[PDB]
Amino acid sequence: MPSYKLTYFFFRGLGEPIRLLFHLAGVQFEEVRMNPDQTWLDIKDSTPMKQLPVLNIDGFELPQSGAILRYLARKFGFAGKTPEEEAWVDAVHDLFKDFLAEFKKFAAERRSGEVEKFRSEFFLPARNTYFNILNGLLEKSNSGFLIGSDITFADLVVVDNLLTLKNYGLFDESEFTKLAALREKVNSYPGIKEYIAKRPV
């Protein structure tokens, strides 16, 4: 009877996929919320790698969303259907992390200073390429999920971001029929539909 504990912030950011993961695998976990508006230095300074989220499973401590995602997805069997698919999961995820950093660069710079769609020409190009690679796997894929015969933590990681992307008005569900379908596919997926349901919008 192992108990799972995830310490993270109020928002979705990096921990949401891990959340959707636990729900996808239907394994109950206890979430200790943190306040980024009232966090104490000594408390953050005592986190495994001085940053959240952090997983706790009967003693074991694991920081780094990426690491955590895989650790659980691995146990719950949503890390990949074979040693080679798993690596592609790790692949799409890395692509994500890469883009995620290009996005944050935009998001954190569109409130700096005034026509500046100029810097919106580092992002759109990047976002576009990103979407191509994603539409490449989608173009192929015969299951609806990015890679594999089923859903993997790569589908989560990518869509949760299509959400925030959407909210920053950087993702028009229209123009991107394919990704749209995926977002739909993973949101309606049992375990997540119920979760995304009562989820503080």
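Numbering starts at 1 and runs along the sequence shown.
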property	result
Missing residues, deposited sequence, between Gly113 and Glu114 (class: none, 1 to 3, 4 to 9, 10 or more)	4 to 9
Of 65-73 and 171-179, the stretch whose C-alpha atoms average the higher B-factor in the entry	171-179
Mean Cα B-factor comparison, 77-85 or 98-106, giving the higher one as deposited	98-106
For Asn35, the third of its chain into which the C-alpha B factor falls	highest
Chain-relative CA temperature factor third for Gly144	highest
B-factor third for the C-alpha atom of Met49 within its chain	middle
Relative C-alpha B-factor of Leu134, binned into the chain's lowest, middle or highest third	middle
Third of chain Cα B-factors occupied by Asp155	lowest
